[PDB]
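A.B. asks: Shown below is the structure under consideration.
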Amino acid sequence: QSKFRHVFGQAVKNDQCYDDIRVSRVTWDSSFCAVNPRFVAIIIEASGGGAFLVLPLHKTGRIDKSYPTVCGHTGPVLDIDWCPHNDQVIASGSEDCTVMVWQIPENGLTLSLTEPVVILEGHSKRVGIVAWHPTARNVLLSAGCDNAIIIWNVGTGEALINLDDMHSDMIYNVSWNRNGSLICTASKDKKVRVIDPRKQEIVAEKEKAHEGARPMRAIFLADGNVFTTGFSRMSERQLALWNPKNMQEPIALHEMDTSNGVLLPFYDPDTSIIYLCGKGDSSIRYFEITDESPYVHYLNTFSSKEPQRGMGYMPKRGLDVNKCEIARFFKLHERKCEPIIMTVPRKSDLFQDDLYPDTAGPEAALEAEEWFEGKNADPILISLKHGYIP
């Protein structure tokens, strides 16, 4: 009976792709791609040091080899994240052990961008993880191969939290909860941790959340549940759903297939859909999360003949309500970025308001100093109906 059962993906025509990109060749498990309503950012092969490419969404077709890039890093770029409160601002983590924050010029680059707004220098090792705070302006989390998590005030350039003796082994990912009061981590010691970064304490963990000696991912759902991907002892890709108030036993665990890539979860809290795709997969599998067991329900698979090297995900503000678009993927091939549009088939030409509840907007709910000092706020919601045409 699920309203999302006919959700389907459709790749755009080649003339709506971004072509002749030289995607990074590093063996780091990066997503290589970050998208916002103005720009697509792609981690590329740099002559020296490190670079990423920033394209206006309209700049489709073959990209000139000399198109300007963001190239101020002195080591390969490993992760990129657009500022949720500023569509001209992006953070990068590098093998040069820095996080850099960049101001993109209006309409994108004319000249190569070599000087960041700020360099953050707390890590002693490569920085593979950057995550902007969901609600607090200028709060930015990095995690490095030093196994330190640092939470920055980007406005002052100061490390205000250093979690440096919490993780004995490599950190695979860090995710903020809805109001950014908590983070969750997955680590190569096979633990998933829920952390209060301001209290600097672990509030819940699960040992061996997955048994495989392969990477995991852990993210928060809108209701405070933690959703994980990983591998069985037998190389099966798995997903699980955990109540952090009681992590002994999973609410749900599902075995999927025996491919090699870790499943990156993309969670849409507005539809309760989770999309899963791994490096090397030609498929995007999507599930609905509901309060009816077994709680994680299979919807469908987007199928293709081409494996992904990385994947970006368009925030709600960039979607087309008239088309009932509920997600847009930016699928990285070897030399190309290919938008994939997820739509709900609907007969009616009316505004499908059930698909588009008010969504987390770009206005920061509180300042860095307020949040660091212990204040909390929810995302400030906006309506998407201004985009509707009769």
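The residue numbers of chain A are those assigned by Swiss-Prot, with the residues present covering 7-396 sequentially.
Keep in mind that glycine also has a Cβ here, set from the backbone N, Cα and C atoms.
Below are the features I grabbed from Swiss-Prot:
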- 25-70: repeat 'WD 1' (REPEAT)
- 78-118: repeat 'WD 2' (REPEAT)
- 128-168: repeat 'WD 3' (REPEAT)
- 172-202: repeat 'WD 4' (REPEAT)
- 215-249: repeat 'WD 5' (REPEAT)
- 263-303: repeat 'WD 6' (REPEAT)
A.B. asks: Reported in the order helix, strand, coil, what are the DSSP residue counts of the repeat 'WD 4' (172-202)?
C.D. replies: 0 helix, 16 strand, 15 coil
A.B. asks: Please work out the helix, strand and coil residue numbers for the repeat 'WD 2' (78-118) from the DSSP assignment.
C.D. replies: 0 helix, 23 strand, 18 coil
A.B. asks: Over the span of the repeat 'WD 1' (25-70), count residues by DSSP class, listing helix, strand and coil in order.
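C.D. replies: Helix/strand/coil tally for the repeat 'WD 1' (25-70): 0 helix, 20 strand, 26 coil.
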A.B. asks: Using a Cβ cut-off of under 8 Å, list the residues of the same chain at least 6 residues beyond the repeat 'WD 3' (128-168) that approach it.
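C.D. replies: 34-36, 81, 84-91, 97-101, 103-105, 107, 174-177, 179-182, 184-186, 189, 191, 201, 203-204, 206, 366, 370-378, 382-385.
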A.B. asks: Using DSSP, what's the helix, strand and coil tally for the repeat 'WD 6' (263-303)?
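C.D. replies: Output for the repeat 'WD 6' (263-303) reads 0 helix, 21 strand, 20 coil.
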